[PDB]
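[1] My complex, part one, positions kept as in the full thing:
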Amino acid sequence: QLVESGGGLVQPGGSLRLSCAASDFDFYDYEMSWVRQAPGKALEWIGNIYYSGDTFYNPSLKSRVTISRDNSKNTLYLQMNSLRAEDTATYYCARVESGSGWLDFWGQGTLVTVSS
């Protein structure tokens, strides 16, 4: 059973790490993506990491977001710094199909809220 961690409450001067685990499928050749859903807004695309550790980021979030992966540990890592008060959301790790743009959300989603 795949799980997730790293999501809690965090101050807007620091950073957070988010982790997606993978189980009952191979975390080898899939194209994974990080998206987020703000309360009351649509799903916003944060970034995606390809095969062989190449990343494409949202142009609004290019300088604050780093995404990595570890295929041996079967984990997907997001790190986000210099947080704002609007950055609170439910964050989802998804798998991108090839040829179709279908996102396969098998994570339950992590809840991240920011305050003082």
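    Cool, the structure landed. Numbering: from 1, shown residues only, chains lettered A, B, ... in the order given.
[2] and the gap between the most centrally placed residue in chain A and residue A:4?
    Nearest to the geometric centre of chain A sits residue A:34, at 3.1 Å (C-alpha atoms, centre = their mean). Using C-beta to C-beta, to the nearest Å, one obtains 11 Å as the distance from residue A:34 to residue A:4. Yep, even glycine has a C-beta here, placed from its N, CA and C like the rest.
[3] residues bridging contact with those two, i.e. touching both?
    A:18, A:93 (C-beta atoms under 8 Å, 6 or more residues apart in numbering).
[4] Looks like residue A:82 contacts residue A:64 (just checking).
    Yes - under the criterion of C-beta atoms under 8 Å, residue A:82 lies in contact with residue A:64, with a separation of 5.3 Å.
[5] Between those two, which is the more surrounded one?
    Neighbours were counted for residue A:82 and for residue A:64 using other C-beta atoms under 10 Å; residue A:64 has more, 17 against 12.
[6] Tell me which residues touch the more buried one, please.
    Residue A:64 neighbours (C-beta under 8 Å, 6+ apart): A:80-83.
[7] do the same with residue A:58
    Neighbouring residues of residue A:58 by C-beta under 8 Å, 6+ apart: A:44-47, A:65.
[8] Is it possible to get JSON lines of those that adds neighbour count, distance to residue A:101 and secondary structure?
    Putting those into JSON lines (neighbours: other C-beta atoms under 10 Å; distance: C-beta to C-beta, whole Å; DSSP: H, G, I helix; E, B strand; the rest coil) gives the following:
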{"residue": "A:44", "neighbour count": "13", "distance to residue A:101": "16", "secondary structure": "strand"}
{"residue": "A:45", "neighbour count": "17", "distance to residue A:101": "11", "secondary structure": "strand"}
{"residue": "A:46", "neighbour count": "22", "distance to residue A:101": "16", "secondary structure": "strand"}
{"residue": "A:47", "neighbour count": "19", "distance to residue A:101": "15", "secondary structure": "strand"}
{"residue": "A:65", "neighbour count": "18", "distance to residue A:101": "20", "secondary structure": "strand"}
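[9] go ahead and place chain B:
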Amino acid sequence: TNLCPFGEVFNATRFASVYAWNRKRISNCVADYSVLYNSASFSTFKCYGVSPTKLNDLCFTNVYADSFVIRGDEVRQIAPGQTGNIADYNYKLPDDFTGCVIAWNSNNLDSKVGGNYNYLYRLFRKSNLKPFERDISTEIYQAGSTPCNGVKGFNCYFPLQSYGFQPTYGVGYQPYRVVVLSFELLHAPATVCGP
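    Okay, here's chain B dropped in alongside the others:
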């Protein structure tokens, strides 16, 4: 009187993706097109509305150079009146296009053994592009009679995909670099001429 910067357009190290294609205005110079047609590198050199051998004679106004990277079996879609993913959702040429589509195979520049994933193409749009329209709106859209309210309906789609360019990949999937020269014909005092 100096040369137009075709060196900074063709021989550039990094091209943009086709969904975010680069546009370079060319003005206040003289352009030598004879080096482009006589070069052996360009596999595709197709001129619509002009002739490639006659391009050293016409004075133009504000020549646009559109640089991007597509795959081999989509070079036929960089032409007026074609249909495909690139023509509809990535790069649309007008029906009265007067210019030259230039394309050369760049397998040994734009491929990695693990995959060069830095080149992107739009898979789907709500409507076809207008001629010379760049859409870089990297949203997440919904389809299938459920909205993109979350995961509780049918899941949402991401429009941009990456070509996984490999050297091993057969022709027709290898990275082809495309420069589209577009001409505007003598509305004002012309600035770019031939020698």
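[10] Go back to the contacts of residue A:58, now with chain B?
    The contact partners of residue A:58, by C-beta atoms under 8 Å, 6 or more residues apart in numbering or on different chains, come to A:44-47, A:65, B:138.
[11] quick one: the helices in chain B?
    B:7-10, B:34-38, B:85, B:107-110 (DSSP state H).
[12] any chance of these in a markdown table, plus mean neighbour count and distance to residue A:55?
    Shown next, in a markdown table, are the helices of chain B (neighbours: other C-beta atoms under 10 Å in any protein chain shown; distance: least, C-beta to C-beta, whole Å):
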| stretch | mean neighbour count | distance to residue A:55 |
| --- | --- | --- |
| helix B:7-10 | 14 | 27 |
| helix B:34-38 | 14 | 35 |
| helix B:85 | 18 | 23 |
| helix B:107-110 | 15 | 18 |
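[13] For the residue in chain B positioned nearest to chain A, give me its contacts.
    Using C-beta to the nearest C-beta, the single residue of chain B nearest to chain A is residue B:114, 3.4 Å away. Applying C-beta under 8 Å, 6+ apart, we find residue B:114 in contact with A:51-52.
[14] and if you look at residue A:45?
    A:33, A:35, A:58, B:138-140, B:158.
[15] which parts of chain A sit against chain B?
    Those residues of chain A that sit near chain B, judged by C-beta under 8 Å from any C-beta of the partner chain, are A:31, A:33, A:35, A:37, A:42-45, A:48, A:50-52, A:54, A:56, A:58-59, A:92, A:96, A:98-105, A:109.
[16] Residue A:92: neighbouring residues, count only.
    Residue crowding around residue A:92 was assessed by other C-beta atoms under 10 Å in any protein chain shown; the count is 24.
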